[PDB]
file start.cif (mmCIF, C-alpha atoms)
data_query
loop_
_atom_site.group_PDB
_atom_site.id
_atom_site.type_symbol
_atom_site.label_atom_id
_atom_site.label_comp_id
_atom_site.auth_asym_id
_atom_site.auth_seq_id
_atom_site.Cartn_x
_atom_site.Cartn_y
_atom_site.Cartn_z
ATOM 1 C CA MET A 1 0.000 0.000 0.000
ATOM 2 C CA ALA A 2 1.031 3.683 -0.317
ATOM 3 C CA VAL A 3 3.005 3.334 2.938
ATOM 4 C CA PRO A 4 6.723 3.495 2.037
ATOM 5 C CA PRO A 5 8.887 0.638 3.339
ATOM 6 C CA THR A 6 11.402 0.842 6.155
ATOM 7 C CA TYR A 7 14.799 2.198 5.127
ATOM 8 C CA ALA A 8 16.463 -1.003 6.344
ATOM 9 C CA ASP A 9 14.105 -2.944 4.033
ATOM 10 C CA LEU A 10 14.827 -1.016 0.818
ATOM 11 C CA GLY A 11 15.820 -3.482 -1.872
ATOM 12 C CA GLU A 12 14.776 -6.333 0.420
ATOM 13 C CA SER A 13 13.280 -8.266 -2.505
ATOM 14 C CA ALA A 14 16.394 -8.111 -4.693
ATOM 15 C CA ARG A 15 18.635 -8.867 -1.695
ATOM 16 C CA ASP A 16 16.982 -12.197 -0.881
ATOM 17 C CA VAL A 17 17.450 -13.441 -4.458
ATOM 18 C CA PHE A 18 21.192 -13.236 -3.741
ATOM 19 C CA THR A 19 20.658 -14.611 -0.207
ATOM 20 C CA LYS A 20 17.810 -17.097 0.309
ATOM 21 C CA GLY A 21 18.391 -20.666 -0.820
ATOM 22 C CA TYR A 22 22.148 -20.650 -0.160
ATOM 23 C CA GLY A 23 24.306 -21.643 2.794
ATOM 24 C CA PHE A 24 27.851 -22.792 2.068
ATOM 25 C CA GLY A 25 30.128 -24.347 4.671
ATOM 26 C CA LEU A 26 27.337 -24.247 7.273
ATOM 27 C CA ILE A 27 24.997 -27.186 7.924
ATOM 28 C CA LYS A 28 21.973 -25.337 9.309
ATOM 29 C CA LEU A 29 19.228 -27.216 11.175
ATOM 30 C CA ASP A 30 16.153 -25.359 12.443
ATOM 31 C CA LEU A 31 12.752 -26.218 13.915
ATOM 32 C CA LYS A 32 9.840 -23.768 13.717
ATOM 33 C CA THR A 33 6.369 -23.869 15.282
ATOM 34 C CA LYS A 34 3.376 -21.912 13.975
ATOM 35 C CA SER A 35 0.684 -20.440 16.241
ATOM 36 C CA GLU A 36 -0.681 -16.912 15.785
ATOM 37 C CA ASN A 37 -2.201 -17.061 19.270
ATOM 38 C CA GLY A 38 -0.090 -17.941 22.283
ATOM 39 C CA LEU A 39 3.593 -18.147 21.405
ATOM 40 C CA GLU A 40 5.992 -19.645 18.875
ATOM 41 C CA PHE A 41 9.516 -21.006 19.235
ATOM 42 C CA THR A 42 12.307 -21.727 16.776
ATOM 43 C CA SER A 43 15.571 -23.529 17.509
ATOM 44 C CA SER A 44 18.671 -23.412 15.328
ATOM 45 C CA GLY A 45 21.919 -25.329 15.022
ATOM 46 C CA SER A 46 24.633 -24.503 12.488
ATOM 47 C CA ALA A 47 27.643 -26.816 12.183
ATOM 48 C CA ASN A 48 30.692 -25.307 10.489
ATOM 49 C CA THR A 49 32.157 -27.363 7.652
ATOM 50 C CA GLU A 50 35.551 -25.652 8.007
ATOM 51 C CA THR A 51 36.229 -25.098 11.721
ATOM 52 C CA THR A 52 33.950 -28.003 12.851
ATOM 53 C CA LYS A 53 32.364 -25.593 15.349
ATOM 54 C CA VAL A 54 28.767 -26.042 16.511
ATOM 55 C CA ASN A 55 26.426 -23.122 17.220
ATOM 56 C CA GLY A 56 22.909 -23.424 18.623
ATOM 57 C CA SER A 57 20.143 -20.887 19.115
ATOM 58 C CA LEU A 58 16.728 -20.622 20.764
ATOM 59 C CA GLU A 59 13.986 -18.017 20.368
ATOM 60 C CA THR A 60 10.637 -18.085 22.173
ATOM 61 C CA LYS A 61 8.178 -15.349 21.212
ATOM 62 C CA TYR A 62 4.856 -14.745 22.960
ATOM 63 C CA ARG A 63 2.244 -12.642 21.172
ATOM 64 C CA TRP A 64 -0.641 -10.639 22.657
ATOM 65 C CA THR A 65 -2.613 -9.980 19.473
ATOM 66 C CA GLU A 66 -5.253 -8.073 21.478
ATOM 67 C CA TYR A 67 -2.806 -5.331 22.519
ATOM 68 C CA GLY A 68 0.207 -5.529 20.187
ATOM 69 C CA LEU A 69 2.460 -6.881 22.946
ATOM 70 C CA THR A 70 5.139 -9.310 21.754
ATOM 71 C CA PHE A 71 7.691 -10.744 24.193
ATOM 72 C CA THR A 72 10.840 -12.557 23.099
ATOM 73 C CA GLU A 73 13.846 -14.357 24.592
ATOM 74 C CA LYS A 74 16.845 -16.017 22.970
ATOM 75 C CA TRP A 75 19.655 -17.444 25.158
ATOM 76 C CA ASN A 76 22.310 -18.088 22.497
ATOM 77 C CA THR A 77 25.133 -20.641 22.665
ATOM 78 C CA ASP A 78 28.045 -18.570 23.991
ATOM 79 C CA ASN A 79 26.063 -17.591 27.118
ATOM 80 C CA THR A 80 24.481 -14.668 25.231
ATOM 81 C CA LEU A 81 21.165 -13.523 26.719
ATOM 82 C CA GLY A 82 18.488 -11.083 25.607
ATOM 83 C CA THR A 83 14.824 -10.098 25.922
ATOM 84 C CA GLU A 84 12.545 -7.856 23.872
ATOM 85 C CA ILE A 85 9.124 -6.244 24.384
ATOM 86 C CA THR A 86 7.183 -4.760 21.464
ATOM 87 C CA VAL A 87 4.057 -2.598 21.333
ATOM 88 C CA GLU A 88 2.498 -1.203 18.165
ATOM 89 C CA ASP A 89 -0.763 0.137 16.716
ATOM 90 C CA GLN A 90 -2.100 1.250 20.103
ATOM 91 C CA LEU A 91 -1.656 5.015 20.486
ATOM 92 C CA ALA A 92 -2.186 5.689 16.770
ATOM 93 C CA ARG A 93 -1.965 4.024 13.357
ATOM 94 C CA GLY A 94 0.682 3.235 12.979
ATOM 95 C CA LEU A 95 3.187 3.944 15.748
ATOM 96 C CA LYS A 96 5.632 1.203 16.765
ATOM 97 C CA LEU A 97 7.816 1.231 19.876
ATOM 98 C CA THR A 98 9.925 -1.554 21.388
ATOM 99 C CA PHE A 99 12.412 -2.272 24.174
ATOM 100 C CA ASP A 100 15.528 -4.424 24.305
ATOM 101 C CA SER A 101 18.211 -5.734 26.653
ATOM 102 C CA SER A 102 21.114 -8.180 26.600
ATOM 103 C CA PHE A 103 23.597 -9.957 28.855
ATOM 104 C CA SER A 104 26.901 -11.840 28.733
ATOM 105 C CA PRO A 105 27.888 -13.732 31.918
ATOM 106 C CA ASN A 106 31.125 -14.742 30.185
ATOM 107 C CA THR A 107 32.949 -11.615 31.403
ATOM 108 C CA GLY A 108 30.048 -9.433 32.598
ATOM 109 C CA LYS A 109 28.851 -7.295 29.675
ATOM 110 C CA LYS A 110 25.400 -5.719 29.336
ATOM 111 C CA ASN A 111 23.583 -3.830 26.583
ATOM 112 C CA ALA A 112 20.218 -2.071 26.244
ATOM 113 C CA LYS A 113 18.479 -0.588 23.214
ATOM 114 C CA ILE A 114 15.245 1.179 22.236
ATOM 115 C CA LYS A 115 13.546 1.362 18.833
ATOM 116 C CA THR A 116 10.839 3.610 17.398
ATOM 117 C CA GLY A 117 8.974 3.976 14.121
ATOM 118 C CA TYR A 118 5.974 5.756 12.595
ATOM 119 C CA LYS A 119 4.424 4.953 9.220
ATOM 120 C CA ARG A 120 1.547 6.407 7.213
ATOM 121 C CA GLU A 121 0.764 7.310 3.613
ATOM 122 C CA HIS A 122 3.941 8.546 1.867
ATOM 123 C CA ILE A 123 5.715 8.830 5.252
ATOM 124 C CA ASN A 124 7.797 6.309 7.211
ATOM 125 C CA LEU A 125 10.128 7.299 10.065
ATOM 126 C CA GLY A 126 12.173 5.236 12.482
ATOM 127 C CA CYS A 127 14.555 6.073 15.325
ATOM 128 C CA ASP A 128 16.761 3.682 17.299
ATOM 129 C CA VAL A 129 18.815 4.399 20.428
ATOM 130 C CA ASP A 130 21.120 1.832 22.042
ATOM 131 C CA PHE A 131 22.442 2.285 25.586
ATOM 132 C CA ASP A 132 25.541 0.205 24.962
ATOM 133 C CA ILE A 133 28.529 0.440 27.286
ATOM 134 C CA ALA A 134 30.886 3.308 26.397
ATOM 135 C CA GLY A 135 28.747 4.385 23.447
ATOM 136 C CA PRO A 136 25.156 5.597 23.460
ATOM 137 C CA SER A 137 24.185 5.980 19.804
ATOM 138 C CA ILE A 138 21.143 7.410 18.012
ATOM 139 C CA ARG A 139 19.981 5.953 14.685
ATOM 140 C CA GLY A 140 17.192 7.716 12.803
ATOM 141 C CA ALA A 141 15.715 7.165 9.346
ATOM 142 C CA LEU A 142 13.304 8.737 6.869
ATOM 143 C CA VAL A 143 11.511 7.475 3.745
ATOM 144 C CA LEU A 144 9.037 9.459 1.623
ATOM 145 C CA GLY A 145 6.654 8.482 -1.158
ATOM 146 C CA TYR A 146 5.324 10.029 -4.378
ATOM 147 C CA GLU A 147 3.560 7.840 -6.978
ATOM 148 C CA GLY A 148 5.985 4.923 -6.739
ATOM 149 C CA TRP A 149 8.971 7.249 -6.486
ATOM 150 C CA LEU A 150 10.498 6.803 -3.061
ATOM 151 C CA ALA A 151 13.546 8.423 -1.431
ATOM 152 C CA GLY A 152 15.275 7.753 1.877
ATOM 153 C CA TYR A 153 18.011 8.910 4.232
ATOM 154 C CA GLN A 154 19.584 7.317 7.322
ATOM 155 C CA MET A 155 21.665 8.850 10.117
ATOM 156 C CA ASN A 156 23.911 7.348 12.809
ATOM 157 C CA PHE A 157 25.034 9.770 15.523
ATOM 158 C CA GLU A 158 27.463 8.588 18.202
ATOM 159 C CA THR A 159 27.769 10.391 21.531
ATOM 160 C CA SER A 160 31.132 9.282 22.964
ATOM 161 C CA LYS A 161 32.824 10.812 19.900
ATOM 162 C CA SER A 162 30.108 13.498 19.462
ATOM 163 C CA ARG A 163 30.219 12.982 15.682
ATOM 164 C CA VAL A 164 28.141 11.334 12.972
ATOM 165 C CA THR A 165 29.918 8.260 11.611
ATOM 166 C CA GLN A 166 27.477 7.110 8.904
ATOM 167 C CA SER A 167 25.128 8.855 6.464
ATOM 168 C CA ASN A 168 23.290 6.923 3.746
ATOM 169 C CA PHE A 169 20.937 8.252 1.062
ATOM 170 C CA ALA A 170 18.769 6.122 -1.221
ATOM 171 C CA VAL A 171 16.433 6.790 -4.153
ATOM 172 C CA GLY A 172 14.354 4.296 -6.089
ATOM 173 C CA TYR A 173 11.230 3.417 -8.035
ATOM 174 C CA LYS A 174 9.141 0.483 -6.796
ATOM 175 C CA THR A 175 5.942 -0.770 -8.415
ATOM 176 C CA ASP A 176 4.291 -4.172 -7.972
ATOM 177 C CA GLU A 177 6.712 -5.900 -10.371
ATOM 178 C CA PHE A 178 9.562 -3.584 -11.401
ATOM 179 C CA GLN A 179 11.762 -2.228 -8.602
ATOM 180 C CA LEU A 180 14.854 -0.011 -8.827
ATOM 181 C CA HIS A 181 17.065 0.945 -5.886
ATOM 182 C CA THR A 182 20.349 2.850 -5.602
ATOM 183 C CA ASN A 183 22.339 3.640 -2.468
ATOM 184 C CA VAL A 184 25.353 5.706 -1.390
ATOM 185 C CA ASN A 185 27.384 5.208 1.807
ATOM 186 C CA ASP A 186 29.604 8.044 3.107
ATOM 187 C CA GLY A 187 30.016 9.253 -0.471
ATOM 188 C CA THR A 188 32.209 6.193 -1.032
ATOM 189 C CA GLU A 189 30.246 2.973 -1.600
ATOM 190 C CA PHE A 190 27.539 3.147 -4.276
ATOM 191 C CA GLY A 191 24.736 0.605 -4.586
ATOM 192 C CA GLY A 192 22.248 -0.468 -7.223
ATOM 193 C CA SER A 193 19.511 -3.089 -7.571
ATOM 194 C CA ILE A 194 16.939 -4.058 -10.206
ATOM 195 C CA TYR A 195 14.062 -6.449 -9.482
ATOM 196 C CA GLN A 196 12.126 -8.005 -12.383
ATOM 197 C CA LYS A 197 8.976 -10.018 -11.618
ATOM 198 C CA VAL A 198 8.881 -11.419 -15.151
ATOM 199 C CA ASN A 199 6.217 -14.142 -15.063
ATOM 200 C CA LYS A 200 4.273 -15.949 -12.342
ATOM 201 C CA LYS A 201 7.196 -18.387 -12.014
ATOM 202 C CA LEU A 202 10.343 -16.297 -12.613
ATOM 203 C CA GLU A 203 12.179 -13.614 -10.632
ATOM 204 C CA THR A 204 15.305 -11.744 -11.740
ATOM 205 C CA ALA A 205 17.664 -9.524 -9.738
ATOM 206 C CA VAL A 206 20.875 -7.656 -10.586
ATOM 207 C CA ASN A 207 23.133 -5.749 -8.188
ATOM 208 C CA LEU A 208 25.963 -3.247 -8.582
ATOM 209 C CA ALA A 209 28.562 -1.962 -6.131
ATOM 210 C CA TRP A 210 31.773 0.059 -6.270
ATOM 211 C CA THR A 211 34.081 2.154 -4.100
ATOM 212 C CA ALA A 212 34.863 5.815 -4.785
ATOM 213 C CA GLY A 213 37.145 6.867 -6.000
ATOM 214 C CA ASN A 214 38.402 3.481 -7.172
ATOM 215 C CA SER A 215 38.400 2.157 -10.739
ATOM 216 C CA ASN A 216 37.402 -1.448 -9.993
ATOM 217 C CA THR A 217 33.760 -2.496 -9.652
ATOM 218 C CA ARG A 218 31.912 -5.556 -8.353
ATOM 219 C CA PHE A 219 28.667 -6.859 -9.835
ATOM 220 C CA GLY A 220 26.592 -10.021 -9.935
ATOM 221 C CA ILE A 221 23.381 -11.442 -11.356
ATOM 222 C CA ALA A 222 20.916 -13.882 -9.784
ATOM 223 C CA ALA A 223 17.613 -15.592 -10.549
ATOM 224 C CA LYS A 224 14.997 -17.836 -8.932
ATOM 225 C CA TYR A 225 12.692 -20.162 -10.883
ATOM 226 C CA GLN A 226 9.660 -21.876 -9.333
ATOM 227 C CA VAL A 227 9.790 -25.287 -11.019
ATOM 228 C CA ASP A 228 7.120 -27.118 -8.967
ATOM 229 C CA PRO A 229 4.672 -25.503 -6.493
ATOM 230 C CA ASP A 230 6.884 -27.218 -3.890
ATOM 231 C CA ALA A 231 10.423 -26.986 -5.315
ATOM 232 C CA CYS A 232 12.512 -24.203 -6.824
ATOM 233 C CA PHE A 233 15.935 -23.529 -8.322
ATOM 234 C CA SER A 234 18.302 -20.653 -7.539
ATOM 235 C CA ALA A 235 21.527 -19.615 -9.268
ATOM 236 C CA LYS A 236 23.828 -16.614 -8.913
ATOM 237 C CA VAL A 237 27.132 -15.538 -10.472
ATOM 238 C CA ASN A 238 29.260 -12.427 -9.996
ATOM 239 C CA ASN A 239 32.563 -10.878 -11.099
ATOM 240 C CA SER A 240 34.861 -12.759 -8.683
ATOM 241 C CA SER A 241 34.433 -16.055 -10.608
ATOM 242 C CA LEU A 242 31.975 -17.535 -8.099
ATOM 243 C CA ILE A 243 28.925 -19.542 -9.205
ATOM 244 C CA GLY A 244 26.636 -20.482 -6.313
ATOM 245 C CA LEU A 245 23.703 -22.834 -6.841
ATOM 246 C CA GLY A 246 20.809 -23.743 -4.582
ATOM 247 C CA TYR A 247 17.843 -26.093 -4.564
ATOM 248 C CA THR A 248 14.881 -26.183 -2.169
ATOM 249 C CA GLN A 249 12.687 -29.295 -2.115
ATOM 250 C CA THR A 250 9.585 -29.855 0.029
ATOM 251 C CA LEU A 251 9.801 -33.495 1.104
ATOM 252 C CA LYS A 252 6.648 -33.301 3.245
ATOM 253 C CA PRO A 253 3.965 -30.687 4.077
ATOM 254 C CA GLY A 254 6.076 -28.954 6.715
ATOM 255 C CA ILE A 255 9.549 -30.277 5.798
ATOM 256 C CA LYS A 256 11.786 -28.679 3.165
ATOM 257 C CA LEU A 257 15.343 -29.563 2.147
ATOM 258 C CA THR A 258 17.878 -27.019 0.883
ATOM 259 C CA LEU A 259 21.160 -28.079 -0.719
ATOM 260 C CA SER A 260 23.720 -25.622 -2.068
ATOM 261 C CA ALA A 261 27.207 -25.636 -3.557
ATOM 262 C CA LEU A 262 29.640 -22.763 -4.110
ATOM 263 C CA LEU A 263 32.036 -23.051 -7.054
ATOM 264 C CA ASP A 264 35.162 -20.896 -7.374
ATOM 265 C CA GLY A 265 36.561 -20.136 -10.804
ATOM 266 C CA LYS A 266 38.646 -20.737 -12.545
ATOM 267 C CA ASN A 267 38.973 -23.978 -10.559
ATOM 268 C CA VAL A 268 35.780 -25.881 -11.414
ATOM 269 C CA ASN A 269 36.381 -28.376 -10.266
ATOM 270 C CA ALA A 270 39.819 -28.337 -8.631
ATOM 271 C CA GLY A 271 40.324 -26.580 -5.299
ATOM 272 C CA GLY A 272 38.175 -26.282 -2.210
ATOM 273 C CA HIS A 273 34.510 -25.698 -3.055
ATOM 274 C CA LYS A 274 32.188 -25.052 -0.116
ATOM 275 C CA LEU A 275 28.866 -26.880 0.276
ATOM 276 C CA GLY A 276 26.084 -27.028 2.839
ATOM 277 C CA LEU A 277 22.894 -28.791 3.865
ATOM 278 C CA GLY A 278 19.944 -26.763 5.126
ATOM 279 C CA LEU A 279 16.982 -28.757 6.464
ATOM 280 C CA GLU A 280 13.837 -26.839 7.379
ATOM 281 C CA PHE A 281 11.382 -28.362 9.843
ATOM 282 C CA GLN A 282 8.388 -26.161 10.655
ATOM 283 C CA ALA A 283 5.691 -27.573 12.923
#
call {"tool": "encode", "arguments": {"input": "start.cif", "output": "structure tokens"}}
result
Amino acid sequence: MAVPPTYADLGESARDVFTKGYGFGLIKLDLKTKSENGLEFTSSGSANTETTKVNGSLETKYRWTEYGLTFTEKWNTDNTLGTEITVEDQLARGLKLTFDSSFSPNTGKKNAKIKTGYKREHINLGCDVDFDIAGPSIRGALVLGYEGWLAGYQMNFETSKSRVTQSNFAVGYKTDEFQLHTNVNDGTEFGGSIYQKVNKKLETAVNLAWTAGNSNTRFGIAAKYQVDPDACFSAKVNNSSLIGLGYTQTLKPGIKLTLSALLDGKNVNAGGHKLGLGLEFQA
């Protein structure tokens, strides 16, 4: 709808074409549970192919759909803690405000954070303040809208240094099928994305990136085809001679299997090529 997206979600569609369906060198195992009322949990467990390390994760999330409340815990592997309370669409439509905290009983480190955001027609703001140790920081954002045309700007002020350390501006055109997005970071890194919803079964994305004022540039192209209403195929290739492939297959209503393989030119096949096995298991 005419509400402009969050600045952190600009180009989100073209980003996932280069992201979802892949997972090299990391055997990821998850387990999701669906329930709009009550709560939902999801566990995770990624085993590293290289460093044979194991990393688990938990995430319980209660939801009060009658008041917008949404609690959350995590308790990561390396003794990392964290809670989160969310309230939205209560004072007005649509204001969102959350709370956050963290812990680390490894050596005694804490961290707090607050988020904020307001969205309407053609207007979408969002501020974030984190009360981290030795660095309170403010992070605001702004996105406007005008007949598909849509511009944005993000700020990141830091208080211990009393200076702004990051300023990003973005302009783009986004309709229901065609989507363009360009980005600039500190007047140095320049972005670029094009999303093409060709047919009912084909998606196409291209990205661009370069550093100023350098001569070299980095680019890549990706696609996702929906073979079967259960399976799909993903393929991406860039300028560094890397050709990553993916394949998602639904073995059972609620169980999907993802297998991926990263190839490195010009050694196909010769040297070390990273692979992975992602197995979804939603309940």
call {"tool": "resolve_selection", "arguments": {"input": "start.cif", "expression": "the PyMOL selection byres ((chain A and resi 114) around 6)", "output": "compact mmCIF listing (two decimals) with C-alpha atoms, in the coordinates of the input"}}
result
# COMPACT_ATOMS: atom_id res chain seq x y z
CA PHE A 99 12.41 -2.27 24.17
CA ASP A 100 15.53 -4.42 24.30
CA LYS A 113 18.48 -0.59 23.21
CA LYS A 115 13.55 1.36 18.83
CA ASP A 128 16.76 3.68 17.30
CA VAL A 129 18.82 4.40 20.43
CA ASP A 130 21.12 1.83 22.04
call {"tool": "resolve_selection", "arguments": {"input": "start.cif", "expression": "the PyMOL selection byres ((chain A and resi 64) around 12)", "output": "list in words"}}
result
residues 35, 36, 37, 38, 39, 40, 61, 62, 63, 65, 66, 67, 68, 69, 70, 71, 72, 85, 86, 87 and 88 of chain A
call {"tool": "resolve_selection", "arguments": {"input": "start.cif", "expression": "the PyMOL selection byres ((chain A and resi 201) around 10)", "output": "PyMOL selection string"}}
result
chain A and resi 197-200+202-203+224-229+232
call {"tool": "closest_residue", "arguments": {"input": "start.cif", "among": "A:170, A:8, A:134, A:270", "to": "residue 112 (chain A)", "atoms": "all atoms listed in the file"}}
result
A:134
call {"tool": "atom_distance", "arguments": {"input": "start.cif", "atom1": "CA of residue 91 (chain A)", "atom2": "CA of residue 116 (chain A)"}}
result
12.9 Å
call {"tool": "atom_distance", "arguments": {"input": "start.cif", "atom1": "CA of residue 214 (chain A)", "atom2": "CA of residue 236 (chain A)"}}
result
24.9 Å
call {"tool": "closest_residue", "arguments": {"input": "start.cif", "among": "A:157, A:75, A:169, A:281", "to": "residue 256 (chain A)", "atoms": "all atoms listed in the file"}}
result
A:281
call {"tool": "closest_residue", "arguments": {"input": "start.cif", "among": "A:204, A:19, A:52, A:175", "to": "residue 4 (chain A)", "atoms": "all atoms listed in the file"}}
result
A:175
call {"tool": "residues_around", "arguments": {"input": "start.cif", "residues": "residue 150 (chain A)", "least_positions_apart": "4", "cutoff": "8 Å", "atoms": "only C-alpha atoms", "output": "PDB file with C-alpha atoms, in the frame of the given file"}}
result
ATOM      1  CA  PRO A   4       6.723   3.495   2.037  1.00  0.00           C
ATOM      2  CA  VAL A 143      11.511   7.475   3.745  1.00  0.00           C
ATOM      3  CA  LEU A 144       9.037   9.459   1.623  1.00  0.00           C
ATOM      4  CA  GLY A 145       6.654   8.482  -1.158  1.00  0.00           C
ATOM      5  CA  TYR A 146       5.324  10.029  -4.378  1.00  0.00           C
ATOM      6  CA  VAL A 171      16.433   6.790  -4.153  1.00  0.00           C
ATOM      7  CA  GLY A 172      14.354   4.296  -6.089  1.00  0.00           C
ATOM      8  CA  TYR A 173      11.230   3.417  -8.035  1.00  0.00           C
ATOM      9  CA  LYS A 174       9.141   0.483  -6.796  1.00  0.00           C
TER      10      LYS A 174
END
call {"tool": "closest_residue", "arguments": {"input": "start.cif", "among": "A:189, A:78, A:89, A:84", "to": "residue 106 (chain A)", "atoms": "all atoms listed in the file"}}
result
A:78
call {"tool": "atom_distance", "arguments": {"input": "start.cif", "atom1": "CA of residue 101 (chain A)", "atom2": "CA of residue 82 (chain A)"}}
result
5.5 Å
